[PDB]
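Chemist: Let me begin by handing over the structure; questions about it come next.
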Amino acid sequence: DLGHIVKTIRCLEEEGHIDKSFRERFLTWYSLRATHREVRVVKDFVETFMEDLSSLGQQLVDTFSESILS
Amino acid sequence: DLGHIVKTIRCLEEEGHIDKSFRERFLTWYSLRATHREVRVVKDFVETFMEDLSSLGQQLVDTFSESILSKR
């Protein structure tokens with residue numbers, strides 16, 4: 001998920017909620033120094049975010065489909 | 001709200017849930033044919049996601065600032 005983690009942090013930062021300095025320090029730390037437990041914990045965060053993000057995708061697709069097909 | 005919708009769709013794009021066509025197709029509908037209710041529904045879903053991102057933002061910062069900063 002080393003690509004997935006970049007895409008999550010990027011996503012958070014792109015929409016506000018995280019600043020540039022934190023994103024680049026986070027990704028340096030994640031890639032070089034985070035311990036196996038610390039990588040598990042971040043993986044939970046990204047999984048929560050992936051399920052949040054997918055839910056919203058289905059809402060928007062379903063909203064759009066319902067408006068067109070009705 | 002529009003900027004939140006566009007940047008959200010990007011976040012959907014990069015993870016590949018959504019097909020390529022959806023962005024232009026959804027934005028054209030959202031901006032040009034969505035009823036007052038459909039527009040409200042779209043903003044409300046996107047605010048509920050923004051609130052998930054804000055909470056997740058703070059939880060990432062609070063949980064890991066020490067481990068990140070301590071190693072310089």
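Residue names in the structure tokens use chain letters A, B, ... in the order shown, residue numbers from 1 in each chain, and ligand numbers from 1 in the order shown.
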Determine, for each residue of chain A having at least one atom at most 8 Å from an atom of chain B, the closest pair of atoms and their separation in Å to one decimal, counting only C-alpha atoms; order by chain and ascending number, as JSON lines.
Modeler:
{"residue": "A:4", "atom": "CA", "partner": "B:15", "partner_atom": "CA", "distance": 7.8}
{"residue": "A:7", "atom": "CA", "partner": "B:14", "partner_atom": "CA", "distance": 7.1}
{"residue": "A:11", "atom": "CA", "partner": "B:11", "partner_atom": "CA", "distance": 5.7}
{"residue": "A:12", "atom": "CA", "partner": "B:53", "partner_atom": "CA", "distance": 6.1}
{"residue": "A:14", "atom": "CA", "partner": "B:7", "partner_atom": "CA", "distance": 7.2}
{"residue": "A:15", "atom": "CA", "partner": "B:7", "partner_atom": "CA", "distance": 6.6}
{"residue": "A:17", "atom": "CA", "partner": "B:54", "partner_atom": "CA", "distance": 5.1}
{"residue": "A:18", "atom": "CA", "partner": "B:57", "partner_atom": "CA", "distance": 5.9}
{"residue": "A:22", "atom": "CA", "partner": "B:61", "partner_atom": "CA", "distance": 7.8}
{"residue": "A:25", "atom": "CA", "partner": "B:68", "partner_atom": "CA", "distance": 6.7}
{"residue": "A:26", "atom": "CA", "partner": "B:68", "partner_atom": "CA", "distance": 6.5}
{"residue": "A:29", "atom": "CA", "partner": "B:68", "partner_atom": "CA", "distance": 5.7}
{"residue": "A:34", "atom": "CA", "partner": "B:67", "partner_atom": "CA", "distance": 7.7}
{"residue": "A:42", "atom": "CA", "partner": "B:60", "partner_atom": "CA", "distance": 7.8}
{"residue": "A:45", "atom": "CA", "partner": "B:56", "partner_atom": "CA", "distance": 7.3}
{"residue": "A:49", "atom": "CA", "partner": "B:53", "partner_atom": "CA", "distance": 7.6}
{"residue": "A:52", "atom": "CA", "partner": "B:49", "partner_atom": "CA", "distance": 6.9}
{"residue": "A:53", "atom": "CA", "partner": "B:12", "partner_atom": "CA", "distance": 7.0}
{"residue": "A:54", "atom": "CA", "partner": "B:17", "partner_atom": "CA", "distance": 6.9}
{"residue": "A:56", "atom": "CA", "partner": "B:45", "partner_atom": "CA", "distance": 6.7}
{"residue": "A:57", "atom": "CA", "partner": "B:12", "partner_atom": "CA", "distance": 6.7}
{"residue": "A:59", "atom": "CA", "partner": "B:45", "partner_atom": "CA", "distance": 7.2}
{"residue": "A:60", "atom": "CA", "partner": "B:42", "partner_atom": "CA", "distance": 6.6}
{"residue": "A:63", "atom": "CA", "partner": "B:38", "partner_atom": "CA", "distance": 7.2}
{"residue": "A:64", "atom": "CA", "partner": "B:26", "partner_atom": "CA", "distance": 6.8}
{"residue": "A:67", "atom": "CA", "partner": "B:38", "partner_atom": "CA", "distance": 7.4}
Chemist: Could you tell me how far CA of residue 19 (chain B) lies from CA of residue 61 (chain A), in Å and to one decimal?
Modeler: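 For CA of residue 19 (chain B) relative to CA of residue 61 (chain A), the distance reads 10.4 Å.
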Chemist: Just want the 12 Å neighbourhood of residue 3 (chain A), counted on only C-alpha atoms, with same-chain residues fewer than 4 positions away dropped. Output as a ChimeraX atom specification.
Modeler: /A:7-10,27,30-31,43,46 /B:14-15
